[PDB]
Amino acid sequence: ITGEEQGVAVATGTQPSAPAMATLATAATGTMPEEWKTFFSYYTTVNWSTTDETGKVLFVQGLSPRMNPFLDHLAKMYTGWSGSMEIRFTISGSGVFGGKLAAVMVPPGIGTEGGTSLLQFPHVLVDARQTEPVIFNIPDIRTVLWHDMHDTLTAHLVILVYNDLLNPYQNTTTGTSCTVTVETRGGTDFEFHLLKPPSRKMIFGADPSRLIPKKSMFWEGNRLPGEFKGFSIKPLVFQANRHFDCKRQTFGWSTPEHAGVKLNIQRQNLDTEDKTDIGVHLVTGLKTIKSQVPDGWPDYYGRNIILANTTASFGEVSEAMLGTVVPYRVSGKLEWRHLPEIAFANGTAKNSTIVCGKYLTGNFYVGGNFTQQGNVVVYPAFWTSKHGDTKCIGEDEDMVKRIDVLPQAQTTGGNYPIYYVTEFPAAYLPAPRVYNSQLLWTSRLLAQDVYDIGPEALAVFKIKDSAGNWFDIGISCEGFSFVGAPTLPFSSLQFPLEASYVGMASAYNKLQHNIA
Amino acid sequence: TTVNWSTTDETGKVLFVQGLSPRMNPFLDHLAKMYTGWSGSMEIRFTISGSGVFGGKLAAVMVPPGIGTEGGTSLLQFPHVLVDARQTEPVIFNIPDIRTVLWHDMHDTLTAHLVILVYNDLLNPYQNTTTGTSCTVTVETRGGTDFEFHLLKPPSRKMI
Amino acid sequence: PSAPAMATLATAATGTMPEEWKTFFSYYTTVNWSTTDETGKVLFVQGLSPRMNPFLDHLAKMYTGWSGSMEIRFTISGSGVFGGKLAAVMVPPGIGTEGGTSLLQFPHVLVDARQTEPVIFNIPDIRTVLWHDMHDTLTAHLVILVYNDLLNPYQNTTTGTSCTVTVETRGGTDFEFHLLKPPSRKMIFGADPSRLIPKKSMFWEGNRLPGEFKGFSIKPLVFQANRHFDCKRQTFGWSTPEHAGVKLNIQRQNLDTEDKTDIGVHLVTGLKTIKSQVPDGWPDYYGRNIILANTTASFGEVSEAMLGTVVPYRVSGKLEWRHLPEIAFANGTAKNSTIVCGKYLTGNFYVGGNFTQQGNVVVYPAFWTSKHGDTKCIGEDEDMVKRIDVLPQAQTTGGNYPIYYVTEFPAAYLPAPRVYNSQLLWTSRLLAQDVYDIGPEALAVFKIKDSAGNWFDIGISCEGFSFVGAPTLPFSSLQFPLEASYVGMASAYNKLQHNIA
Amino acid sequence: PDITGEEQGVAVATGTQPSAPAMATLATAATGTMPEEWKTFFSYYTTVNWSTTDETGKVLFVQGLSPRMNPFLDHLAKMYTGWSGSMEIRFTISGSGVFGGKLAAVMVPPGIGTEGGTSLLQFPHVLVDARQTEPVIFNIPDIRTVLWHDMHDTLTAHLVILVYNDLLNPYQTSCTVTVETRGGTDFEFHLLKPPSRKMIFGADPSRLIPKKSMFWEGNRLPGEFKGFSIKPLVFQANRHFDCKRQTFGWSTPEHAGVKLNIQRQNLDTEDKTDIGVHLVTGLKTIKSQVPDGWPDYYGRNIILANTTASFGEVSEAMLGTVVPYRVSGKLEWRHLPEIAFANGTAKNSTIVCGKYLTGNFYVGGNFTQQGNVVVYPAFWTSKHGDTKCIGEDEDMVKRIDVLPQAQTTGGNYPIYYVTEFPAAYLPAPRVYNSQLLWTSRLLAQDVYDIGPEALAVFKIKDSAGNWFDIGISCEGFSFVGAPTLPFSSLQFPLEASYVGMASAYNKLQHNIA
Amino acid sequence: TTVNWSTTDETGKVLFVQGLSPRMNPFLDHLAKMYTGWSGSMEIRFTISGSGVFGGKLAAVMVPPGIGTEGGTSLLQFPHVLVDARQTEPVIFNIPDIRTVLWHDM
Amino acid sequence: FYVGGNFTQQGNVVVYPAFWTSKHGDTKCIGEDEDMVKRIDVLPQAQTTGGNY
Amino acid sequence: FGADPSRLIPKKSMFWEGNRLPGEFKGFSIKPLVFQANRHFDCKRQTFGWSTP
């Protein structure tokens, strides 16, 4: 006889307790069943200032479960949603402050540029001197019956400045501002759909919250490892190797691990044409992703290597010339003898030099071994820079190396791209640093699964430093990161950071930030 | 989970030892990150599915908090229900929440244990070359009737 | 300060009904019913004794008497296919369970091998006296005979097929202990025999010689005097039970061989005695008529030595002794470098060792020499055991056999070297200081557990010898981690049960 | 149907059913019985001494409420896991009518500290005179924080019997006070278990010190127990086991000899004037190459000379008596002498022994064959000028590693258990031990809960009523709460009771004539 | 408070002088910190401890405010409660709160 | 502390432990020997506990 | 487990002596780090110094 789900089964026990102890517990703590759907919860804050314009957009927000810290949690357990969700604004200006602030809902699709052209939507508007908070409802316009976790196209509640924050007083050190506080809640008609065990993944997606590690001590760079050392803003960001598109793809050639480079050192000299030259040896790829390039080969060292004077010491410039060698032995002690650091190269080995195209087309070469053949692992370890520069590793578009196509991200809708900055040693470069397209973890993932970030969407992670200084990061579908402002002063940021997923965002929407 | 009951087993051999814990249920496990405490019991459903010719019996015990679980025949002297090897309908057990506190913290461990002991061996009327045969006992969980969570915490907030 | 309230809250949390050990059935045994068990064969004999149900076992230690009936719950767990019929006979008190077939002429209930429900038997409390005493065995019995053999249609595995009968016990509706007594308080005519065998094998020492327990042996006959104590404190040996070794006064060569060719023999004085003239701890087993000839240095030429290690005693000074090496024990004056006498501890006691200085010393039995042909544990021989004036013994006690416990001791040629012990050291230390309930016609029974369902009752008699039901049970099959668990007082004349693979 | 309940089955009647109710009534009449007799009357618990020398506020008797307070409840408690309700205390002072003083019983609530001092008189006390000539009956309420108590709960209520006014004695002595206990009306056990189902988790501190002195063997050398000693600093490497099963030693708790192997070489000493020496290889090793069971104490600089006659050596290493390990033949060995033990390097005929057991291992003995032997450490002496018990000297305590050591800790002085060992011209020879052997077996096989700053305090009791508290630290070391107290008075047949978990750096209690 | 009593004490030697106050009790003493004034009586339980062999009597008298609290046999002559060295029981006597003013300062 | 031969003068250095010479012959993995793991004061150990290897 | 920690700091500044050396109290200093052994006693009576206070 078929056994039910709900349990058709028999009951049994022996010498039980009472249920009144449950009442005792309920007395101990007054936990009504479904509390989280009863109280708003802080989300963000915005600055409304006398520097602002009639029409300036203070807040742009779509319909997303992932905004509510609680519902965010539930979400891992469900497959879909529907209905709206409320927002409560808490403008708390003085009683003498003039001005008005406007509330708009933008039909799905219609862009949000933030001109006075927006104010011509239907719009309510709030006084600058309003006391009681304001409950807004972001209606769920939808063409489907129910949303998938990763759908993005939805209406936007936009907060525009109607009329400026007129202070009757104006003073030396001119400029004053009112704090608008945003806090969210599940609407009245907000229901989740089909159950999934939190451990089960979609065929066509993966929850983006698992893409920045919660605490910054875990973070690592994807170019060349190190200790995370902050962020950097660049109008154009560019990286071939160890970078992963949201489609499981690469135009790089390396597994994310950063486990070193496998190779053969060929005995063939063909190098020692000058007494001043340490040597160079042919290199054979042990293993490859594509195009015969050895796993983990350096992304960055440029047009040439000059072996003049190298017979003494590593002192030739801009050329990654310190890779450290480990024997890949399997049965007995080394044949090759006390093998020093070795300098990476690609291309055509002239009698005294190697010249390289920006590509990896040419055969591979590496610096002088005093001795015979070996199977070798090499870790890229230290950079000779120029005899003088301030350019961090990865600053030059003409020095990052391609195979076929180089992933780039430019400014998109006013969301400037970012470089994760980390420190590994170098020459002549004060405060040595390296640029990174992706955290090591953000790369490790995006290799192992097809994360559901859309062509025109950003998965937004809110980074809170200690003391509260915060800014927003967004992982585009192309993999690169973005920040909302060009020159936001990272330098001020407190050393240890924690990252919270805020949801998916419309691409073009300005990212929000609050850093002193 | 699942357990193996075999003709190699002994009257008193312990097939399953289990305490009261929210974290067993794949769902409640999730909720748990959102709450600070719990109370009440949680049910378990055993699904012994032996053949019709199989003899033997399997025993169900609840061990007061603290009292060790060694797995001797000494256990069978607790009060005990017992299940046929030929039972069809699954069996719903309740692990009562004995507690000295009013409500548990997430990480409290001292709780009663539901123990599954072999009463009498899995007698097959047939015995054959390559001797040894076994019945699969399947264990599956659910929140009891009186299972309530306590104070809310944002999943992002850690205990002192 | 208090309240009833607090007590009410604890009842809610915990559910206790105030005497609930009387409600459920508790495990007692499992009895194997074999497809090879001949008609009438007694599966299960058990006289009415509170000592079954573990909980009443505990509570009893606090009471002097008892009354009322008890309940036995059988769970026959065969397949639906098995054919077979199991008889249940209540024996009027005092009529013996002699032989299965006969009993069947009592009034008797038949229990089928394919029962879907357990069977609850209320062993009647027939009594001549108003209330029993914790030791009284003249009680009604319950005998479970096999009436029609356990048919299994299947014989592809041709032999050794079986079924399992588990026994559970409860107080009857009318069971009630009578007179309150302090725990640990000795009853008149005896102490509680529960504390006889340790709980764990770990603690099992033999009474003959020190060693780790290694198994059991069965013999038609049994005999030990030394360090063997009856249930009633009598002891025919000569030693306190402490394995302290024997500590002696060494006399010089005055009566040593004068025409010697080998290390001399020295007459000694016991210094402590339980029995007149007998040193406290004289090793009980050694060869008669030992020859110390050719005993230059090596002692390995000696046949049955009991070599002892030596150490000084209350010397209070500079250790004037020589290098004390090893001792050979002996008994009986001789005209040469020999020791003739035996069979009795009458003769003077002598010490084989290169000793020169007169004084007092400790010696421990430490190693056994043997003949190159030995295939026999230390103590197999009546002829080599040593008597003061009487050897106790036991033979087959109504179908029940005497066991020796076996332990390791280093013992020359014998591969896997063993010494037989009558009594466990524990059982000896006790039974020396206290009288025990074991009646003249009684057999206090214990239950020996390892694993895999292996068990076998060991019973202690009046005389203090360990008994078993069958004579050939495969001891070899057991697991070391043995555990003892008191059972009760079984009628001497019954058969002890046994259940081992 | 298939399912079978905790109490079910066909009822079957066999043979003669003898009319149960009538006989049951007859028996009930023959000996009346109440629902629980052990709650109707008073049972002797404990006597404690009271000396003229006891200042005001000296604590006589500390007893946190438990089932252990009464005999019958104590025995029943085996069958249960939890308890609740009050216990009634009946205490008496016996003494000559000539003696004079007052004694005050106070029911200390859980949160209070149970030390002496006049402040403890200041909350509800019942007082008895040395002349009262009547038992006084007072109740111990069951104050709780938790709905019911486990069997080891240390948060229980407390009973303290203080000295109120000192015990004057006109002539110029110690009176005696007896405690009798009784289950309260409210007492009630809880979750029911079988006995022989050992206590919680098998991590129970109560299984540490044996309940009788008959079993109190020591961890340094074998022998029957002779009491205790206090020292400012206490230390031992071997057979010493921590809370965590960590042992810096070189031995298993077995305490059954050293399983060693001898190499035939005589190491070419002076052909005379010494027995020579053999190197040693251990058959077994718990740690580094160290053979199982070298003596933890003996003199460095073992000058073996003139040793051919007899072991007249100064500052001895253990003499030990020897057995053949096991053989298949007659006996390969000859005339096995007493060994003397040594460790370090044989620089000379004399063995240079260090404080550390890093060196090779050697035995003094007239061997010539090669074979396995077992030796037992069996005798000792020092020079005539000595009176120091075995284990007293830092230097002579041999070390592989860090030498664990207990300092005077927060009002508590670490202790050595003293047991006798065979030795000469050392009056009343004793050996000092960091642990009992039972506390070495255990703490090896199981992990314990002994807190980082917690002690497991045990109430050790004379016959004569005296008592004091010994606590086992995380380090395994025993502590008592005085710099000195007259252990000389201690009657040899002690018993121990587990008192519970008490913070380390609170003082311990003691009551000795 | 405990006070000594010596064989050397003549008749009428004052053993214990204590004007009524909150200071007479521990708990009231501590509470008194929180208040400025007090009223009402306090109950005195006093004991003599001594060998049954010793002999003497001790007399507690509740001296009204206006009287001088020095020794002398005249002080026995107004309501006294007396305890023997052999009494073997605490004696319980009351100190009335005689006042001239509606309430007392500290 | 000491470390192997540099042919040259002083430096501030990072070193990564990278490869092991074992014995001229063994099958013991790195960390097999209790006498080869190095202490400061106390060495964390775990033994068999309640039958949990 | 402890005395009432109320009685730790006097009520009045007048009564404030330092544990290092005798003197009148003159103010407070703040440091990222702190260290003292002598005459410094923990809450639990332990003291790593050498002096009675």
# chains A, B, ... in the order shown; residues from 1 in each chain; ligands from 1
$ residues_around --residues "segment 20-34 of chain G" --least-positions-apart "5" --cutoff "12 Å" --atoms "only C-alpha atoms" --output "PyMOL selection string"
chain G and resi 12-15+39-41+49+51-53
$ residues_around --residues "residue 417 of chain A" --least-positions-apart "4" --cutoff "9 Å" --atoms "only C-alpha atoms" --output "PDB file with C-alpha atoms, in the first residue's frame"
ATOM      1  CA  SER A 232      41.353  51.114  -7.145  1.00  0.00           C
ATOM      2  CA  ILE A 233      39.281  52.996  -9.703  1.00  0.00           C
ATOM      3  CA  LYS A 234      40.272  52.912 -13.364  1.00  0.00           C
ATOM      4  CA  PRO A 235      38.219  54.243 -16.347  1.00  0.00           C
ATOM      5  CA  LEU A 236      39.100  51.025 -18.254  1.00  0.00           C
ATOM      6  CA  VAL A 237      39.870  47.586 -16.737  1.00  0.00           C
ATOM      7  CA  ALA A 409      35.314  46.635 -19.054  1.00  0.00           C
ATOM      8  CA  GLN A 410      34.826  50.381 -19.641  1.00  0.00           C
ATOM      9  CA  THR A 411      32.595  52.932 -17.869  1.00  0.00           C
ATOM     10  CA  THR A 412      28.991  51.763 -18.190  1.00  0.00           C
ATOM     11  CA  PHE A 480      34.352  42.678 -13.991  1.00  0.00           C
ATOM     12  CA  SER A 481      33.494  44.791 -10.988  1.00  0.00           C
ATOM     13  CA  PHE A 482      32.033  48.273 -10.767  1.00  0.00           C
ATOM     14  CA  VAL A 483      31.741  51.169  -8.322  1.00  0.00           C
ATOM     15  CA  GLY A 484      29.405  54.070  -8.533  1.00  0.00           C
ATOM     16  CA  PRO A 486      35.073  57.816  -9.969  1.00  0.00           C
TER      17      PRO A 486
END
$ interface_residues --of "chain A" --to "chain F" --cutoff "8 Å" --atoms "only C-alpha atoms" --output "list in words"
residues 326, 327 and 333 of chain A
$ residues_around --residues "residue 50 of chain C" --least-positions-apart "5" --cutoff "12 Å" --atoms "only C-alpha atoms" --output "PyMOL selection string"
chain C and resi 28+55-61+63-72+123+125+132-137+139+169-172+175-177+486-490
$ write_last_selection --atoms "N, CA and C atoms" --output "mmCIF file, in the first residue's frame"
data_model
loop_
_atom_site.group_PDB
_atom_site.id
_atom_site.type_symbol
_atom_site.label_atom_id
_atom_site.label_comp_id
_atom_site.auth_asym_id
_atom_site.auth_seq_id
_atom_site.Cartn_x
_atom_site.Cartn_y
_atom_site.Cartn_z
ATOM 1 N N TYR C 28 15.985 -10.447 30.012
ATOM 2 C CA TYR C 28 16.519 -11.456 30.842
ATOM 3 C C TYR C 28 17.468 -12.437 30.212
ATOM 4 N N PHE C 55 15.813 -4.309 37.713
ATOM 5 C CA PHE C 55 15.321 -3.319 38.666
ATOM 6 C C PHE C 55 14.967 -3.918 39.997
ATOM 7 N N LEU C 56 14.273 -5.051 40.058
ATOM 8 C CA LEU C 56 14.025 -5.737 41.321
ATOM 9 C C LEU C 56 15.348 -6.250 41.884
ATOM 10 N N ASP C 57 16.345 -6.531 41.039
ATOM 11 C CA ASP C 57 17.647 -6.914 41.418
ATOM 12 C C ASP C 57 18.319 -5.858 42.239
ATOM 13 N N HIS C 58 18.206 -4.640 41.868
ATOM 14 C CA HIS C 58 18.640 -3.505 42.576
ATOM 15 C C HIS C 58 17.884 -3.293 43.850
ATOM 16 N N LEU C 59 16.559 -3.230 43.772
ATOM 17 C CA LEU C 59 15.733 -2.939 44.936
ATOM 18 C C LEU C 59 15.854 -3.994 46.030
ATOM 19 N N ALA C 60 16.171 -5.229 45.677
ATOM 20 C CA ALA C 60 16.234 -6.320 46.557
ATOM 21 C C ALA C 60 17.328 -6.176 47.561
ATOM 22 N N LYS C 61 18.407 -5.586 47.208
ATOM 23 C CA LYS C 61 19.529 -5.352 48.013
ATOM 24 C C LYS C 61 19.206 -4.507 49.205
ATOM 25 N N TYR C 63 15.971 -4.869 50.886
ATOM 26 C CA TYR C 63 14.909 -5.602 51.449
ATOM 27 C C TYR C 63 15.325 -6.964 51.920
ATOM 28 N N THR C 64 14.662 -7.565 52.848
ATOM 29 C CA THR C 64 14.909 -8.819 53.439
ATOM 30 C C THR C 64 14.052 -9.950 52.968
ATOM 31 N N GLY C 65 12.938 -9.707 52.387
ATOM 32 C CA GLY C 65 11.985 -10.604 51.965
ATOM 33 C C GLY C 65 11.202 -10.267 50.776
ATOM 34 N N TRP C 66 10.299 -11.077 50.346
ATOM 35 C CA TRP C 66 9.497 -10.948 49.204
ATOM 36 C C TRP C 66 8.340 -11.893 49.130
ATOM 37 N N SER C 67 7.387 -11.648 48.308
ATOM 38 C CA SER C 67 6.183 -12.337 48.093
ATOM 39 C C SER C 67 5.674 -12.158 46.698
ATOM 40 N N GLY C 68 4.510 -12.599 46.400
ATOM 41 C CA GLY C 68 3.860 -12.419 45.204
ATOM 42 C C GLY C 68 4.418 -13.105 44.021
ATOM 43 N N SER C 69 3.814 -13.039 42.885
ATOM 44 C CA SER C 69 4.149 -13.644 41.663
ATOM 45 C C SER C 69 4.969 -12.753 40.769
ATOM 46 N N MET C 70 5.463 -13.233 39.684
ATOM 47 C CA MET C 70 6.168 -12.601 38.646
ATOM 48 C C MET C 70 5.763 -13.061 37.277
ATOM 49 N N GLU C 71 5.970 -12.312 36.256
ATOM 50 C CA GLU C 71 5.584 -12.469 34.912
ATOM 51 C C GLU C 71 6.746 -12.645 33.978
ATOM 52 N N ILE C 72 6.716 -13.529 33.048
ATOM 53 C CA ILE C 72 7.660 -13.896 32.071
ATOM 54 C C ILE C 72 7.095 -13.680 30.701
ATOM 55 N N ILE C 123 4.318 -17.067 36.714
ATOM 56 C CA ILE C 123 4.861 -18.071 37.538
ATOM 57 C C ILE C 123 4.203 -17.967 38.885
ATOM 58 N N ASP C 125 3.271 -18.085 42.854
ATOM 59 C CA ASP C 125 3.900 -17.977 44.119
ATOM 60 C C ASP C 125 3.278 -18.892 45.148
ATOM 61 N N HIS C 132 8.825 -15.130 51.900
ATOM 62 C CA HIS C 132 10.055 -15.707 51.550
ATOM 63 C C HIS C 132 11.201 -14.892 52.054
ATOM 64 N N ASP C 133 12.389 -15.377 52.009
ATOM 65 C CA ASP C 133 13.616 -14.755 52.277
ATOM 66 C C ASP C 133 14.546 -14.746 51.101
ATOM 67 N N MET C 134 15.403 -13.797 50.962
ATOM 68 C CA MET C 134 16.134 -13.480 49.802
ATOM 69 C C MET C 134 16.933 -14.625 49.245
ATOM 70 N N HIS C 135 17.072 -15.719 49.913
ATOM 71 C CA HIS C 135 17.835 -16.859 49.597
ATOM 72 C C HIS C 135 17.082 -18.142 49.388
ATOM 73 N N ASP C 136 15.831 -18.218 49.671
ATOM 74 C CA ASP C 136 15.008 -19.358 49.593
ATOM 75 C C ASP C 136 14.863 -19.824 48.169
ATOM 76 N N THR C 137 15.198 -21.086 47.837
ATOM 77 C CA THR C 137 15.097 -21.676 46.484
ATOM 78 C C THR C 137 13.888 -22.593 46.253
ATOM 79 N N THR C 139 10.796 -23.009 45.539
ATOM 80 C CA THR C 139 9.883 -22.237 44.802
ATOM 81 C C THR C 139 9.425 -22.905 43.541
ATOM 82 N N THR C 169 11.253 -10.016 31.909
ATOM 83 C CA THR C 169 10.633 -10.212 33.230
ATOM 84 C C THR C 169 9.953 -8.960 33.747
ATOM 85 N N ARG C 170 8.961 -9.124 34.621
ATOM 86 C CA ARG C 170 8.306 -8.046 35.362
ATOM 87 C C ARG C 170 7.814 -8.546 36.706
ATOM 88 N N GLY C 171 7.749 -7.657 37.705
ATOM 89 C CA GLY C 171 6.985 -7.942 38.904
ATOM 90 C C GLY C 171 5.539 -8.259 38.529
ATOM 91 N N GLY C 172 4.898 -9.236 39.162
ATOM 92 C CA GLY C 172 3.473 -9.434 38.966
ATOM 93 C C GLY C 172 2.689 -8.285 39.569
ATOM 94 N N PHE C 175 3.633 -8.570 43.526
ATOM 95 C CA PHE C 175 4.955 -8.608 43.997
ATOM 96 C C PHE C 175 5.235 -7.434 44.875
ATOM 97 N N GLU C 176 5.722 -7.582 46.047
ATOM 98 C CA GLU C 176 5.957 -6.592 47.007
ATOM 99 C C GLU C 176 6.999 -6.982 48.007
ATOM 100 N N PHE C 177 8.131 -6.300 48.040
ATOM 101 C CA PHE C 177 9.136 -6.532 49.040
ATOM 102 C C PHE C 177 8.602 -6.097 50.421
ATOM 103 N N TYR C 486 25.131 -10.944 37.763
ATOM 104 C CA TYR C 486 24.412 -11.766 38.646
ATOM 105 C C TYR C 486 23.070 -12.105 38.071
ATOM 106 N N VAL C 487 22.512 -13.235 38.333
ATOM 107 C CA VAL C 487 21.254 -13.719 37.950
ATOM 108 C C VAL C 487 20.305 -14.048 39.068
ATOM 109 N N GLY C 488 20.661 -14.875 39.968
ATOM 110 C CA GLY C 488 19.932 -15.413 40.996
ATOM 111 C C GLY C 488 20.427 -16.631 41.631
ATOM 112 N N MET C 489 19.700 -17.313 42.439
ATOM 113 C CA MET C 489 19.966 -18.554 43.046
ATOM 114 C C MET C 489 19.214 -19.662 42.373
ATOM 115 N N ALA C 490 19.802 -20.457 41.557
ATOM 116 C CA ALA C 490 19.312 -21.593 40.893
ATOM 117 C C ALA C 490 19.472 -22.830 41.722
#
$ select_by_dssp --residues "segment 382-456 of chain D" --states "alpha helix (DSSP H)" --output "ChimeraX atom specification"
/D:438-441
$ residues_around --residues "residue 89 of chain B" --least-positions-apart "2" --cutoff "12 Å" --atoms "only C-alpha atoms" --output "compact mmCIF listing (two decimals) with N, CA and C atoms, in the first residue's frame"
# COMPACT_ATOMS: atom_id res chain seq x y z
N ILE A 1 0.79 -1.13 0.00
CA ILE A 1 0.00 0.00 0.00
C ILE A 1 0.86 1.23 0.00
N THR A 2 0.76 2.11 -0.93
CA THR A 2 1.56 3.26 -1.11
C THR A 2 1.58 4.10 0.14
N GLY A 3 2.69 4.45 0.67
CA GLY A 3 2.88 5.28 1.75
C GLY A 3 2.97 6.72 1.51
N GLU A 4 2.17 7.53 2.10
CA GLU A 4 2.01 8.91 1.88
C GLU A 4 3.28 9.67 2.16
N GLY A 7 3.12 11.28 5.92
CA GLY A 7 3.30 10.27 6.81
C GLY A 7 2.10 9.53 7.15
N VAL A 8 1.86 8.39 6.58
CA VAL A 8 0.81 7.50 6.88
C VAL A 8 1.10 6.66 8.09
N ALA A 9 2.21 6.81 8.71
CA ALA A 9 2.90 5.91 9.54
C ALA A 9 2.33 5.82 10.93
N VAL A 10 2.75 4.88 11.71
CA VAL A 10 2.31 4.52 13.00
C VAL A 10 2.97 5.39 14.03
N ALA A 11 2.31 5.68 15.14
CA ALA A 11 2.94 6.45 16.20
C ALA A 11 3.35 5.54 17.35
N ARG B 45 10.94 8.80 11.15
CA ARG B 45 10.15 7.76 10.52
C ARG B 45 11.07 6.70 9.95
N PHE B 46 11.10 5.53 10.49
CA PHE B 46 11.78 4.36 10.11
C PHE B 46 10.96 3.57 9.13
N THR B 47 11.52 3.00 8.12
CA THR B 47 10.95 2.34 7.01
C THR B 47 11.54 0.99 6.71
N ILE B 48 11.71 0.13 7.65
CA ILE B 48 12.10 -1.21 7.51
C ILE B 48 11.28 -1.81 6.41
N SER B 49 11.82 -2.39 5.40
CA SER B 49 11.23 -2.95 4.25
C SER B 49 11.70 -4.32 3.89
N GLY B 50 11.80 -5.20 4.89
CA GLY B 50 12.21 -6.58 4.69
C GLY B 50 11.11 -7.37 3.93
N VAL B 83 9.58 -3.34 16.89
CA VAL B 83 9.08 -3.45 15.58
C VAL B 83 9.36 -4.79 14.97
N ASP B 84 8.48 -5.37 14.23
CA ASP B 84 8.61 -6.55 13.48
C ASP B 84 9.57 -6.38 12.34
N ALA B 85 10.25 -7.43 11.89
CA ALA B 85 11.08 -7.31 10.69
C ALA B 85 10.23 -7.24 9.43
N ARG B 86 8.97 -7.66 9.49
CA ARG B 86 8.01 -7.67 8.47
C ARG B 86 6.96 -6.60 8.57
N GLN B 87 7.21 -5.47 9.13
CA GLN B 87 6.36 -4.35 9.21
C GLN B 87 6.30 -3.61 7.91
N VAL B 91 7.04 3.73 10.73
CA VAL B 91 6.95 3.94 12.13
C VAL B 91 7.33 5.33 12.52
N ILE B 92 6.43 6.11 13.11
CA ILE B 92 6.73 7.46 13.56
C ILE B 92 7.12 7.40 15.02
N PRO D 1 -0.61 -4.08 15.02
CA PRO D 1 -0.46 -5.49 14.89
C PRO D 1 0.96 -6.00 14.89
N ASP D 2 1.73 -5.69 13.90
CA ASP D 2 3.11 -5.95 13.78
C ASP D 2 3.89 -5.27 14.88
N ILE D 3 3.56 -4.06 15.20
CA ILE D 3 4.08 -3.27 16.25
C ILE D 3 3.79 -3.92 17.57
$ atom_distance --atom1 "atom CA of residue 445 of chain C" --atom2 "atom CA of residue 196 of chain C"
10.1 Å
$ residues_around --residues "segment 468-476 of chain D" --least-positions-apart "4" --cutoff "6 Å" --atoms "only C-alpha atoms" --output "ChimeraX atom specification"
/D:242-243,450,455-460,480,509-511
